[PDB]
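So this one's run.cif, mmCIF, C-alpha atoms:
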data_final
#
loop_
_atom_site.label_atom_id
_atom_site.label_comp_id
_atom_site.auth_asym_id
_atom_site.auth_seq_id
_atom_site.Cartn_x
_atom_site.Cartn_y
_atom_site.Cartn_z
CA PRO E 230 -39.58 19.04 -77.84
CA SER E 231 -35.96 18.57 -78.83
CA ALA E 232 -34.91 15.40 -80.64
CA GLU E 233 -32.06 14.75 -78.18
CA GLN E 234 -34.24 14.15 -75.13
CA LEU E 235 -31.76 15.01 -72.36
CA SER E 236 -32.12 16.34 -68.82
CA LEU E 237 -31.70 19.92 -67.57
CA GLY E 238 -28.18 21.29 -67.21
CA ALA E 239 -26.49 18.21 -68.67
CA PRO E 240 -23.07 18.80 -70.28
CA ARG E 241 -23.12 19.25 -74.06
CA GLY E 242 -19.69 18.80 -75.63
CA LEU E 243 -16.13 18.05 -74.60
CA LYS E 244 -15.05 18.89 -71.07
CA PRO E 245 -12.84 22.00 -71.33
CA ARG E 246 -9.22 21.67 -70.24
CA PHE E 247 -7.95 24.21 -67.71
CA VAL E 248 -4.72 25.69 -69.08
CA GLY E 249 -2.65 27.81 -66.70
CA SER E 250 -1.38 30.93 -68.45
CA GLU E 251 -1.03 34.70 -68.01
CA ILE E 252 -2.16 37.86 -69.80
CA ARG E 253 -0.69 41.32 -69.17
CA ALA E 254 -2.45 44.32 -70.74
CA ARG E 255 -0.13 47.05 -69.53
CA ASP E 256 -1.30 50.67 -69.39
CA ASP E 257 0.83 53.18 -67.50
CA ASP E 258 -1.84 55.90 -67.29
CA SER E 259 -4.18 53.95 -64.99
CA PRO E 260 -3.72 55.03 -61.34
CA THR E 261 -4.86 51.63 -60.05
CA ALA E 262 -3.95 48.06 -61.05
CA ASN E 263 -6.54 45.28 -61.22
CA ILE E 264 -5.36 41.67 -60.88
CA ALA E 265 -7.38 38.45 -60.91
CA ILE E 266 -5.93 35.08 -59.91
CA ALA E 267 -7.95 31.87 -60.15
CA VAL E 268 -7.59 28.09 -60.07
CA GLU E 269 -9.85 25.30 -61.30
CA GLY E 270 -13.13 25.28 -59.38
CA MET E 271 -16.05 22.90 -58.92
CA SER E 272 -18.94 22.23 -61.28
CA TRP E 273 -22.60 22.50 -60.30
CA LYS E 274 -22.92 18.72 -59.81
CA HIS E 275 -19.57 18.26 -58.05
CA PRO E 276 -19.88 16.72 -54.55
CA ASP E 277 -17.49 19.39 -53.18
CA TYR E 278 -19.50 22.53 -53.96
CA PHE E 279 -20.47 23.81 -50.52
CA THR E 280 -16.93 23.12 -49.29
CA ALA E 281 -15.57 25.48 -51.95
CA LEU E 282 -18.20 28.04 -50.96
CA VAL E 283 -17.17 27.67 -47.30
CA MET E 284 -13.51 28.24 -48.18
CA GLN E 285 -14.49 31.31 -50.22
CA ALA E 286 -16.32 32.61 -47.14
CA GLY Y 2 15.96 55.72 -43.47
CA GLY Y 3 15.95 58.40 -46.15
CA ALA Y 4 19.57 59.60 -46.41
CA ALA Y 5 18.65 61.35 -49.69
CA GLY Y 6 20.52 59.20 -52.19
CA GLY Y 7 21.81 60.30 -55.58
CA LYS Y 8 20.53 59.88 -59.13
CA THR Y 9 20.60 56.56 -61.00
CA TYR Y 10 18.99 54.93 -64.05
CA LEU Y 11 17.61 51.66 -62.62
CA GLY Y 12 15.18 52.28 -59.77
CA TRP Y 13 13.33 49.19 -58.59
CA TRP Y 14 10.14 47.23 -59.24
CA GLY Y 15 7.11 49.44 -59.78
CA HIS Y 16 9.18 52.47 -60.84
CA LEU Y 17 11.87 51.25 -63.25
CA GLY Y 18 12.46 54.69 -64.78
CA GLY Y 19 11.22 53.86 -68.27
CA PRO Y 20 8.93 55.56 -70.77
CA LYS Y 21 5.20 55.07 -70.35
CA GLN Y 22 3.87 52.05 -72.24
CA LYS Y 23 0.41 51.56 -73.71
CA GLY Y 24 -1.42 48.82 -75.58
CA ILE Y 25 1.18 46.04 -75.32
CA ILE Y 26 -0.62 42.76 -74.68
CA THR Y 27 1.54 39.81 -73.64
CA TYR Y 28 0.64 36.12 -73.38
CA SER Y 29 2.66 33.26 -71.92
CA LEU Y 30 2.00 29.70 -70.78
CA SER Y 31 2.91 27.63 -67.73
CA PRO Y 32 6.17 25.65 -67.55
CA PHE Y 33 4.17 22.57 -66.52
CA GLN Y 34 1.89 22.89 -69.58
CA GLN Y 35 4.56 23.53 -72.22
CA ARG Y 36 7.01 20.89 -73.44
CA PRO Y 37 10.80 21.22 -73.19
CA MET Y 38 12.89 19.61 -75.93
CA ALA Y 39 10.22 20.69 -78.44
CA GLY Y 40 11.64 22.12 -81.65
CA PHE Y 41 15.04 22.57 -80.01
CA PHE Y 42 17.09 20.69 -82.61
CA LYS Y 43 15.51 22.31 -85.68
CA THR Y 44 15.65 25.89 -84.40
CA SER Y 45 19.16 25.45 -82.99
CA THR Y 46 20.45 23.97 -86.26
CA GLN Y 47 18.90 26.77 -88.31
CA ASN Y 48 20.30 29.44 -85.98
CA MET Y 49 23.78 27.90 -86.02
CA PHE Y 50 23.75 27.63 -89.82
CA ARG Y 51 22.60 31.25 -90.18
CA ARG Y 52 25.22 32.49 -87.70
CA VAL Y 53 28.00 30.58 -89.48
CA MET Y 54 26.92 31.89 -92.88
CA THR Y 55 26.52 35.46 -91.55
CA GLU Y 56 29.48 36.17 -89.27
CA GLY Y 57 31.85 33.68 -90.86
CA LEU Y 58 34.63 35.52 -92.64
CA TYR Y 59 34.82 38.06 -89.79
CA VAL Y 60 36.61 35.39 -87.73
CA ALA Y 61 37.83 33.29 -90.65
CA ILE Y 62 40.14 35.91 -92.20
CA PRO Y 63 42.29 37.09 -89.23
CA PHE Y 64 42.77 33.63 -87.73
CA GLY Y 65 43.71 32.17 -91.11
CA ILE Y 66 46.22 34.93 -91.79
CA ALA Y 67 47.72 34.53 -88.31
CA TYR Y 68 48.05 30.77 -88.75
CA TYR Y 69 49.70 31.21 -92.15
CA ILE Y 70 52.31 33.61 -90.81
CA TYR Y 71 52.83 31.32 -87.80
CA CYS Y 72 53.59 28.34 -90.04
CA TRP Y 73 55.82 30.39 -92.34
CA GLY Y 74 57.74 31.86 -89.42
CA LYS Y 75 58.32 28.47 -87.82
CA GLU Y 76 59.50 26.96 -91.12
CA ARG Y 77 61.82 29.87 -91.95
CA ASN Y 78 63.29 30.06 -88.44
CA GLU Y 79 63.97 26.32 -88.48
CA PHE Y 80 65.61 26.61 -91.91
CA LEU Y 81 67.84 29.61 -91.17
CA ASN Y 82 69.68 28.21 -88.14
CA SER Y 83 70.26 24.87 -89.91
CA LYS Y 84 73.39 24.05 -91.93
CA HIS Y 85 72.45 25.36 -95.38
CA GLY Y 86 70.63 28.44 -94.05
CA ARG Y 87 73.72 30.05 -92.53
CA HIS Y 88 75.93 28.94 -95.46
#

Would it be possible to restate this file's structure as structure tokens?
Amino acid sequence: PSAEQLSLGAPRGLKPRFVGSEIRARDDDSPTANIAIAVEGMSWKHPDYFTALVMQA
Amino acid sequence: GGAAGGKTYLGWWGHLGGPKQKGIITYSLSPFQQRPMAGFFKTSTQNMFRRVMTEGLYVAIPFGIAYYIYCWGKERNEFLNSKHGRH
């Protein structure tokens, strides 16, 4: 067993900081154009998980 | 609509009439995450110093010559119509 006797799925390290930005990898030969837009979500242990799932639905 | 317009060199968004680009990655941040008034004074001072040292004489020479001939003309015109100038 590991020396650091923790639980399952516990965070290990600093909480990452969500940094709004943009990346554009232009390519004029592609007939289509794929775009992904996202905001900060909810963690596994957040008490507003199923609400986010409901909004996604 | 239609109306079969003419030929231009601007177009619009989506088809701007430019050469095809490839492999140009671009990153930028959010205005709420970056900090205004960061490095403004240093960069502005360096740019102003470089511009003064670079362009410089291009403006310095003609304006200086014009001012010199202005002063000389005023002095000479004042002298000539005075007492001793006409003699």

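Straight-line separation from atom CA of residue Y:28 to atom CA of residue E:251: 5.8 Å.
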
Pairwise distance for atom CA of residue Y:87 and atom CA of residue Y:73, rounded to one decimal in Å:
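Taking atom CA of residue Y:87 as the start and atom CA of residue Y:73 as the end point, the length is 17.9 Å.
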
Starting from chain E, keep only residues with some atom at most 10 Å from an atom of chain Y, counting only C-alpha atoms, and report them as a PyMOL selection string.
chain E and resi 248-258

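Taking atom CA of residue E:243 and atom CA of residue E:281 as endpoints, the distance between them is 23.8 Å.
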
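Residues lying within 10 Å of stretch 269-276 of chain E, counting only C-alpha atoms and ignoring same-chain neighbours fewer than 3 positions away, are residues 238, 239, 246, 247, 248, 249, 279, 280, 281 and 282 of chain E.
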